[PDB]
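Chains, contacts and geometry: an overview
The primary structure of each chain is shown beneath.
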Amino acid sequence: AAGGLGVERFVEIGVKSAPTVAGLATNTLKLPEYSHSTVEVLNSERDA
Amino acid sequence: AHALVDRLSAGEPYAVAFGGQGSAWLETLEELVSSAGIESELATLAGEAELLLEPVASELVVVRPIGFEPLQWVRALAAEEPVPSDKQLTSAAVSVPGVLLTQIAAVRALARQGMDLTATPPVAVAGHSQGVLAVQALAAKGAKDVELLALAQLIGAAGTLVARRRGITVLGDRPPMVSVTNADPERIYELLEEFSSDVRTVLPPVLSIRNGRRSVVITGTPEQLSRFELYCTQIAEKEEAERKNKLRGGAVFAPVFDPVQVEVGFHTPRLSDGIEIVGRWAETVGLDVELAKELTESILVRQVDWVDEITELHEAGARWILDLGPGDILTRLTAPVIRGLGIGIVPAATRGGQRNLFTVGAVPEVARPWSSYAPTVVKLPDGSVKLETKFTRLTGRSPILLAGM
Amino acid sequence: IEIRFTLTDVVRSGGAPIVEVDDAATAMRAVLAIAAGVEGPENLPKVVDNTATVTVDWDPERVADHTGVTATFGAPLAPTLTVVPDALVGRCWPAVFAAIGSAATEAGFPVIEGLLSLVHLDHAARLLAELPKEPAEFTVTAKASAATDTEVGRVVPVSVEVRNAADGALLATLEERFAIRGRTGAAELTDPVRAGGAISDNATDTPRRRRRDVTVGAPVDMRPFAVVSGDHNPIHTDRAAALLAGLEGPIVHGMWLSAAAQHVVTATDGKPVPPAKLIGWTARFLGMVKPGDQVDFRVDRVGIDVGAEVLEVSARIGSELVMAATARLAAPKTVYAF
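Residues numbered from 1 in each chain as written, not as in the entry; some residues may be left out. Chains lettered and ligands numbered in written order. Part of a larger assembly, values for the part shown. Heavy atoms only, no water. Residues with missing side-chain atoms left out of burial classes, pairs and counts.

- What the entry reports as its method is cryo-EM, with 17.50 Å given for the resolution.

- In the nomenclature of the PDB entry, chain C is known as TYPE-I FATTY ACID SYNTHASE of Mycobacterium tuberculosis.
- This entry carries the title "Structure and conformational variability of the Mycobacterium tuberculosis fatty acid synthase multienzyme complex".

- Per the PDB entry, chain B is named TYPE-I FATTY ACID SYNTHASE, and its organism is Mycobacterium tuberculosis.

Written as structure tokens, this is what we have:
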């Protein structure tokens, strides 16, 4: 926000551990982050 | 034989209104040319548009080439093939002058048939946004006509150079101009002030137009406006959980939010660097009149408190208001504002409302003065006092009843 | 400004009743020199000697005009940067042209160049890892790497170095190659041969991925771009000069197209964040373009260089190929969590 809000990509690594903190981020991207931002949640396991 | 004008002379008074930007002007200008059988004015207006740009000693280096010959675009548009995109035509540089020309041509149309009658007399002439321009020289002599178009050419030009849209997204879609409905002017400014607390001095949103009681317009940078859009949505949703508890003080608000098609911020500090430049642009031309400085500030920076102005000329007891603005804008904005206070309003260049104008019998549209239905006192043979209403008059009794219980 | 010419008639040869003055080439130059530079910019290099651009400042309104000259919306495109790398060409233009003729052109070439016959081959901007920014001032240097002749004519590749004034470092490198069609030389000889590439140390390979289908209109008149870019060539403006050069009409500036297709690649595969993403772009002009032109562009994702995605662009007006473009783009910025 202080450095500009433009497109961000959030990638989790460690293979099968990847869905967790992304799902943690996903639900977090929902509740406070409702501002309608373009964000990409990517997982090493799932989204390779 | 125009009854209204004939009314205007002996009977009820009149006021001229001019619309602003966001009027969808081109299609009105295209029709106005096609509906015009008299091209006489357009000959001089086109030549003076060419002339006035050349002697200009003001900077105006970028503006003059990006200006376009009005006669060519019209004849092209009349061949039905050529015309630039709406995005190009809506840009302040070529749009602002074009809007005035539509309004000026709208003045001439009525002036063609009835001029001896359709000559001067308003009580006052008022305008909205850039509409205040065409107001001034209409109240001045006829040689000042292009000066409007001349200043309009300068207004949209500097405004464009200083600040222009750098981005847009199909969702909403997001402009510099935003409007919220149903919410108080105090409540809107609250959320505005709530959001403006979080942003820098360079891109604050501000209240531009107050269109009515609960209807307002806030403007600024498209991105920052989109941020204000977020808070109003969250409150709308949190209050939804309230309404479904079936409680009134605990009820959701049902506002209406949605952006506008306007391309650039007006009546905002973002145009502040434009005022100076515009001012010099007028003095280097034969446009010199002392209101060029005041018009610019009113249009570019100072807000427009609208309801209060046209109402002020209305509370003077002037019964009629016409609007020569493109399509027709501000003619209908003003109507529910005043409504039943005795004012009524015909859109000018609208064929239906002009049919009134040109006839002896179709003229007197005067909206109902609610005070007309104000209750009165009645006496009877046995000498009973009766309070008179539309109810009592029928029933012959007091305007009060015990409902079925 | 006026242009004069002279003829001479010897009728002893009937097949050659008219033979016209050999001073034409030098006479044409004096005419262009008055119009082009007006002695406004002045440095006096020979073609090999460096051509210097004194000082250059970027106003916020010069940002707007260019970004407004080329715009894209219908495809969800949002241009963002302080200075688009396309804006480099406006700064380096007046200097590059000065190298088109010289004593080295006098030695090995006839010095026969029609300016109307000038053809732009390729244009590219290579970054030194620095990107252009707000108010800091620029100073540009232009050098001619080689002067070549081809079967189709004379070619002059021009190297350009853009430097930030206040900081005093070289931000970017701009490359231009021009084609005059009438000349031959002992300087640099090419038949069909010229080649350029955007290369990087570490690379990854990918598969063809369709990104966007683009619709781009050409401007109504070419004068607006002519004012900003500083290209006054009558070919794109005056119809008499365009017809004299045997052209389809007042051809759209290839340079406008260059920024036209770029602005899309800027915003599309670049996404709402173009500024730090595109580190380079190259553009090849396949065919001429008339104003009022509906052109369809298509960018695809091909491969990866130095962690930056490469993006190939093809252009079609109906059946005709127009521009071949290729760009190096950084990926949408990634944040990692373990």
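**Looking at the sheet that holds strand 3 (residues 177–181) of chain B**
All names here are of chain B.
- The strand order across the open sheet formed by four strands is 4-5-3-6, and the pairing between neighbours is antiparallel. Strand pairing shows two members of the sheet lacking a second neighbour, strand 4 (206–210) and strand 6 (256–259), which therefore form its edges. Each strand axis lies, on average, 25 degrees off the axis of its neighbour in the sheet, ignoring direction.
- Bridge count between strand 3 and strand 5 (residues 216–219): four bridges; the pairing is antiparallel. (Pairing = 2+ DSSP bridges. Helix = DSSP H or I, 4+ residues; strand = E, 2+ residues; numbered from the N terminus. Axes fitted to C-alpha atoms, helices over the stretch in contact; angles between N-to-C directions.)

**As for the pattern of salt bridges**
Residues and elements named next belong to chain B.
- If you walk through the whole model with that rule in mind, you get 15 salt bridges over all chains.
- Here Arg112 ties to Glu41 by a salt bridge, and the two come within 3.8 Å at their closest N and O atoms. A residue pair is termed long-range when its members are at least 10 positions apart, and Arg112 in helix 7 (residues 92–118) and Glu41 in helix 3 (residues 40–53) qualify at 71 residues.
- For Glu41, a relative accessible area of 23% translates into the label partly exposed. (Salt bridge = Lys/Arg side-chain N within 4 Å of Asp/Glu carboxyl O. Buried < 20%, exposed > 50% of the residue type's maximum accessible area, 1.4 Å probe, protein only.)

**Observations concerning the interface of chain A and chain C**
- In this complex, chain A contributes nine residues to the contact, which on the side of chain C involves nine residues.
- In this assembly, chain A packs against chain C so that about 920 Å² is buried in total across both faces, 68% of it on carbon and sulfur atoms.
- Sorting the residues of chain A by area buried against chain C places A:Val7, A:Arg9 and A:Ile13 first, and these three jointly supply 60% of that buried surface.
- Where chain A meets chain C, there are zero salt bridges. (Contact = heavy atoms within 4.5 Å. Buried area = accessible area lost by both parts, 1.4 Å probe.)

**Here we look at the nonpolar core**
- Among the nonpolar cores identified, the biggest contains 63 residues, and C:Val160, C:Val162, C:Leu174, C:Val252, C:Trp256, C:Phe297 and C:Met323 are the most heavily contacted of them.
- Ranked by the residues each element gives to this core, the list is headed by helix 7 (residues 254–267) of chain C, at eight residues.
- Core analysis: the next-biggest nonpolar cluster, separate from the first, contains 56 residues, B:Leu60, B:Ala158, B:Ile277 and B:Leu300 among them. (Core = buried A, V, L, I, M, F, W, Y, C linked by side-chain atoms within 4.5 Å.)

**Topic: the interface of chain B and chain C**
- Contact with chain B, which involves 13 residues of that partner, is made by 12 residues of chain C.
- In total, about 1,300 Å² of surface goes out of reach between chain B and chain C, with carbon and sulfur atoms giving 54% of it.
- It is B:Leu161, B:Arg164 and B:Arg166 that lose the most area in chain B upon contact with chain C, and together they represent 40% of the buried surface on that side.
- Our count for the chain B to chain C interface comes out at three residue pairs in polar contact.
- Contributions of two or more residues to the side of chain B that touches chain C are made by helix 4 (63–66) and helix 9 (145–162) of chain B.
- Residue classes in the side of chain B that touches chain C are distributed as eight nonpolar, one polar and four charged. (Polar contact = N/O pair within 3.5 Å; in protein donor to acceptor, adjacent residues only side chain to side chain. Nonpolar A, V, L, I, M, F, W, Y, C, P; charged D, E, K, R; others polar.)

**Some points on helix 8 (residues 131–138) of chain B**
- Buried within helix 8 of chain B are the following residues: B:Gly131, B:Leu133, B:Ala134, B:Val135 and B:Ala137.
- Check the buried side of helix 8 of chain B and you find it contacts strand 1 (14–18), helix 7, strand 2 (124–127), helix 9 and helix 13 (292–300) of chain B.

**Quick notes on the sheet that holds strand 8 (residues 344–347) of chain B**
Residues and elements named next belong to chain B.
- A sheet is described by the order of its strands in space; here four strands give the open sequence 2-1-7-8, paired in parallel fashion. The two strands at the open ends of the sheet, each matched to only one other strand, are strand 2 and strand 8. Along the sheet, successive strands turn relative to each other by an average axial angle of 25 degrees, direction set aside.
- Taken together, the four bridges between strand 1 and strand 2 define a ladder with parallel strand orientation.

**Details of the packing of aromatic side chains**
- In total, this model carries two aromatic pairs over all chains according to the counting rule given.
- In this arrangement the basic side chain of B:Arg187 is found over the ring face of B:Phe253, its NZ or CZ atom lying 4.0 Å from the centre.
- Over the face of the ring belonging to C:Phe109 we find C:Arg154, whose NZ or CZ atom lies 4.5 Å from the ring centre. (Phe/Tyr/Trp six-rings, centres within 6.5 Å; stacked < 30°, edge-to-face > 60°. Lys NZ or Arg CZ within 6 Å of the ring centre and 35° of its normal.)

**Quick notes on a nonpolar patch on the surface**
- On the surface, a cluster of nonpolar side chains totalling about 290 Å² of accessible area is made up of B:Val61, B:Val62, B:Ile66 and B:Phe68.
- With respect to the helices, strands and loops of the structure, B:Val62 is situated in the loop between helix 3 and helix 4. (Patch = residues over 30% accessible without salt bridge, like charges linked within 9 Å, V, L, I, M, F, W, Y side chains within 5 Å. Areas by Shrake-Rupley, 256 points an atom, 1.4 Å probe, with all protein chains shown as cover.)

**Things to note about the packing of helix 3 of chain B against helix 7 of chain B**
All names here are of chain B.
- For the pair helix 3 and helix 7, interaxial distance at closest approach is 11 Å and the crossing angle is 150 degrees. By the criterion of interaxial angle, the relationship of helix 3 to helix 7 is roughly antiparallel. Crossing geometry of helix 3 relative to helix 7 is assigned as right-handed. Residues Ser40, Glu41, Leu42 and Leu45 of helix 3 lie in contact with helix 7, whose contacting residues are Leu101, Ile104, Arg108 and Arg112.
- Tallied by class, the residues present in the contact of helix 3 with helix 7 amount to four nonpolar, one polar and three charged. (Parallel < 35°, antiparallel > 145°, perpendicular 65-115°, else oblique. Left-handed = near helix turned anticlockwise from the far one by under 90°.)

**Points about a negative patch on the surface**
- Together, B:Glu59, B:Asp273, C:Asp57, C:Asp59, C:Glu61 and C:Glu137 give the surface a local cluster of negative charge.
- Relative to the helices and strands, C:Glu137 is located in the loop between strand 4 (119–127) and strand 5 (138–144).
- By relative accessible area, which is 37% here, C:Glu137 ends up partly exposed. (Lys, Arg positive; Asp, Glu negative; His and termini not counted. Charge placed at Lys NZ, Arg CZ, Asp CG, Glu CD.)

**Examining unusual backbone geometry**
Residue and element names in this part refer to chain B.
- The phi dihedral of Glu80 is positive, around 75 degrees, even though this residue is not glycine.
- Of note, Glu80 is situated in the loop between helix 5 (70–77) and helix 6 (86–89).
- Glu80 sits in the exposed class, given a relative accessible area of 72%.

**Here's the deal with helix 10 (residues 185–196) of chain B**
All names here are of chain B.
- In a regular helix each residue adds 1.5 Å, so 12 residues correspond to 16 Å; helix 10 covers 16 Å between its end C-alpha atoms and thus fits that length.
- Every buried residue of helix 10 is accounted for by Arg187, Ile188, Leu191, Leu192 and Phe195. Axial view of helix 10: buried residues confined to an arc of 140 degrees, hence all on one face.
- At its buried positions, helix 10 is contacted by strand 3, strand 4, strand 5 and helix 11 (222–243). (Expected span 1.5 Å × (residues − 1). Arc of directions from axis to C-beta.)

**Remarks on the pairing of strand 7 (residues 320–323) of chain B**
Residues and elements named next belong to chain B.
- Along strand 7, one buried face is formed by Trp320 and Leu322 and the opposite face, lined by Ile321 and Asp323, is buried too.
- Both strand 7 and strand 8 contribute to a ladder of four bridges, which runs parallel. If you follow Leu322 over to strand 8, its bridge partner there is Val346.
- Handedness of the crossover is the feature at issue here: the chain leaves strand 7, passes through helix 15 (residues 331–338), returns alongside strand 8, and the resulting connection is right-handed. (Right-handed = clockwise from strand over helix to strand, strands pointing away.)

**Some thoughts on the environment of C:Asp86**
- With respect to the secondary-structure elements, C:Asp86 resides in the loop between helix 2 (60–69) and helix 3 (88–96).
- For C:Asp86 and C:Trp281, which are 195 residues apart along the polypeptide, the C-alpha to C-alpha distance reads 8.8 Å.

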